[PDB]
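Per PDB author numbering, the sequence shown starts with residue 1, numbered consecutively. Positions of the beta carbon are idealized from the N, C-alpha and C atoms, including for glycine. A quick write-up on the structure given underneath.
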Amino acid sequence: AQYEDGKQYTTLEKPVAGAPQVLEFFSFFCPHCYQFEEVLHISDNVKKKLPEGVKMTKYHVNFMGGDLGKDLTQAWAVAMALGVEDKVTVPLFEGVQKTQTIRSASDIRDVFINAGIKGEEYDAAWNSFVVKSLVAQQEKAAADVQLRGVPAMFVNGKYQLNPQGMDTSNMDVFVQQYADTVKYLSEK
């Protein structure tokens with residue numbers, strides 16, 4: 001067939017109950033993640049094709065970058081709590097990987113301040129239990145899909161995107177195929 005298990009996607013031997021419809025894992029330390037988000041715009045292209053009533057969820061992971069990697073997961077939790085993901089995603093990727101001006105938790109916070117988030121607002125979120133639960137949720141989700149690497153994407157807690165089985169010719173057919181596959185899986 002056109003879409004095949006073991007080709008564009010694989011199937012979780014242990015399906016995750018109550019999982020987000022479309023779940024992406026990434027790290028701001030992850031070079032392929034920078035490519036996925038900032039050059040290929042995979043999230044964006046996926047969302048443009050998603051069925052009505054299907055939401056995309058994006059979680060950060062701890063295992064790259066040590067203390068700073070964890071700080072970034074906690075800051076991503078702050079972004080989710082405040083609803084400012086689309087204001088901080090580009091400057092966080094650029095701060096960590098392009099300018100490499102993000103070296104500490106304070107440097108992360110600066111990105112939020114510069115993006116117009118009030119200091120009091122950031123600090124209250126950063127120290128909140130709502131954010132601690134969001135950090136825990138992200139960690140739990142990684143465990144549930146038995147995550148081994150990033151970037152990664154899972155659909156309805158049952159299927160894992162397999163970019164290794166897609167075309168790597170033109171970046172654009174690749175992106176289209178990835179996005180088309182997510183849509184196929186969402187309706188499966």
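Contact between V16 and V145 holds: CB atoms are separated by about 6 Å, below the 8 Å threshold. Contact between the stretch 88–97 and the stretch 21–28 is present, with at least three C-beta pairs closer than 8 Å. If you ignore the 5 residues before and after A79, its C-beta comes within less than 6 Å of the C-beta of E85, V88, all in its own chain and listed in chain order. A contact between stretches requires three or more CB pairs, one per stretch, nearer than 8 Å, and the stretch 97–117 meets this requirement with the stretch 67–82.
Counting only unbroken stretches of 3 or more residues, the beta strand (DSSP E) elements lying wholly within the stretch 42–110 are 56–60, in sequence order. Ranked by Cα distance from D67, the first of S104, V39, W126 is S104.
If the five residues before and after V130 are omitted, its C-beta is found closer than 6 Å to the C-beta atoms of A81, all from its own chain and listed in chain order. Sixteen is the threshold: since fewer than 16 other Cβ atoms of the shown chains lie within 10 Å of the Cβ of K140, the residue is exposed. Cβ-Cβ distances below 7 Å link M171 to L40 in the same chain, with the five nearest sequence neighbours on each side left out; the list follows chain order. A Cβ-Cβ separation of about 7 Å places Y59 in contact with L23 under the 8 Å criterion.
Across the structure, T181 and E120 are spaced so that their CA atoms are roughly 42 Å apart.
Note that the C-beta distance between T10 and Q176 is not below 8 Å. Setting aside the 5 residues that flank it on each side, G165 is surrounded in the same chain by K7, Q8, each with a C-beta closer than 6 Å to its C-beta; the list follows chain order.
Spatial neighbours of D5 in its own chain (CB-CB distance under 8 Å, excluding positions within 5 residues in sequence) are listed in chain order as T11.
The C-alpha of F112 is placed about 7 Å away from the C-alpha of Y122.
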